[PDB]
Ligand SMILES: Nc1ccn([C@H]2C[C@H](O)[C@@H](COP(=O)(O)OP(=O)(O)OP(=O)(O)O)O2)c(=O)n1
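Encoded as structure tokens, the following chain is the form solved without the named molecule, with no partner shown.
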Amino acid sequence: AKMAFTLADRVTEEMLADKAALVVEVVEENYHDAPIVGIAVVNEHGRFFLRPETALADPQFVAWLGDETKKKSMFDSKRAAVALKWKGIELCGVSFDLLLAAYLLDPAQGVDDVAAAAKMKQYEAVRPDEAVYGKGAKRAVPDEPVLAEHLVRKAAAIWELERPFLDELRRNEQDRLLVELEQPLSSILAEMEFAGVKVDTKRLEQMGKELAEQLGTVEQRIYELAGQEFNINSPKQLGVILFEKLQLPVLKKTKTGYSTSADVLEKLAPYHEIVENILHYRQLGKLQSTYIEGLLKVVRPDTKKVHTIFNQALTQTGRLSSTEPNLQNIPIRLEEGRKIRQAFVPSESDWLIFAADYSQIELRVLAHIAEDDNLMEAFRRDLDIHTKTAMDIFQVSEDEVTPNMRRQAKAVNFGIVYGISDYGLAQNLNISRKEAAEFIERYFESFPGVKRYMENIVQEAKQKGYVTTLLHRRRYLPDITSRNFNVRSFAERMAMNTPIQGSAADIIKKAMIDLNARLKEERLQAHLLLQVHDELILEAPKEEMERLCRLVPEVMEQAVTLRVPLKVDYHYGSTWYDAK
């Protein structure tokens, strides 16, 4: 059963062919400045295992790694590329990434190792990483004999699976999606992660001290209002204090007990002064724990930078996700938490942060895909879409739109993109189902094309078994035929929402690729730092701001051509906060 391979003590020309499956193993989940525990190469000449200290010190091997004409097939090439960047070695020529290929074929499979991808094609001559390295506290690198065979088997699977995967991608019309979008983007993300974002730790440490003070006061007041001390962070102990000791009314329960969600507490605020304080405590504690302490734990002491990892093969819609830290959910709505962004600064003096965001890209994409005359005209006039929606559903002139009307029209617009549901809208606007239903019916009378799209996309999902995005990303929806109402309904909302959210993801990804190419052409020092779904954040010399003010929006607005214009807003300043 064992697989044959050469456990080489030195590198040979034989292992430097112009096409090969390459494995540069980094076991640590977070690959930044992490160890490369072994290398495996499989090509027309055979299978090889090389110790990293050997291969990575070899002039020939390193040159081969950096030679773009020498093609390599891999799994999660970004992980290897970044781990190599930290060692001052460039990886080029990656023409096929099995992780990205598997992700495009079916993001629902949750493929996270070679074994999982291989199983898609009935190939099982490779073990899952978890079985070899174990998990959690017991996750360790095995002895060389066990390690070497694993890396060789992974490289062998990659070598064998490339053709089958590329063939199915072609049939799905996703070959260009992999080769011209996801793979090139992978290299850009590697550069962004490696560059990192400079953090002002002193500023963070100072904010944390202020929060600590406020939490102290609010915490004491809470015990004062409750007549005793208890763990506020335990819904269990809070529930007894609120719904038992204070006799507050139970407006919602949870599988385990009483509900203490912010939405429920605000409705209880009028009854007791403790509720307001609990809410405030919830706010402060969130910033302190998740952002201040959480951010300070991942900043690198030597450079004062945070190096996030963009998971490119996780979301079911095509969006990127960010971890350690998640720089895609830094506070912005509330001012107190928004100030956390003052902590993100340029990596060099005399440099500034430049941020550009698409204005209502999802609604614009919807206007385009549904070809709704009213909605397309609205964006062609660059109207305030929420005010316009309010005018139509409530049948009033612009002057007649009140702040509450706009707020509700705004909530309807969000529902429409998420896959409208009279139940979900009702809960959100704190109104009845029938009323939420009335709003929805009114919306469809105003936007018949959108109604048509919603009906047709659900039908299509049932017919083909999946829905697609502008650049041909795909999402299978087997639950679309379920006889269970809740399960089937979720699938229907997914059918309505994916072409919208997914197409928006396709566009920003293409914009990143086009932008990176333009910056190089223009010889600008400016570079991408982060992406947050509908916005791109860069940093550059202060002398490049004027050129970026024209270049970035143009590149982003021209990424794709839709039936409606794409609009990009932009700002720049000394910190991320000031890039407003």
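So that there is no doubt, residue numbering starts at 1 and follows the sequence shown.
Quick note: we don't show the form solved in complex with the named molecule, though the next part is all about it.
For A505, no non-hydrogen atom is located within 4.5 Å of the named molecule in the bound PDB entry, even though that partner is not displayed.
Interface membership of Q174, defined by any non-hydrogen atom within 4.5 Å of the named molecule in the bound PDB entry, is confirmed. When the named molecule is considered in the bound PDB entry, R163 lies well away from it, no heavy atom lying within 4.5 Å. By the criterion of a heavy atom within 4.5 Å, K138 is excluded from the residues contacting the named molecule in the bound PDB entry. Residues placing heavy atoms within 4.5 Å of the named molecule in the bound PDB entry fall in a single listed stretch, namely 465-473, out of 367-375, 465-473, 391-399, 269-277. For the residues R380, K202, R170, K434, the 4.5 Å heavy atom test against the named molecule in the bound PDB entry is passed only by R170.
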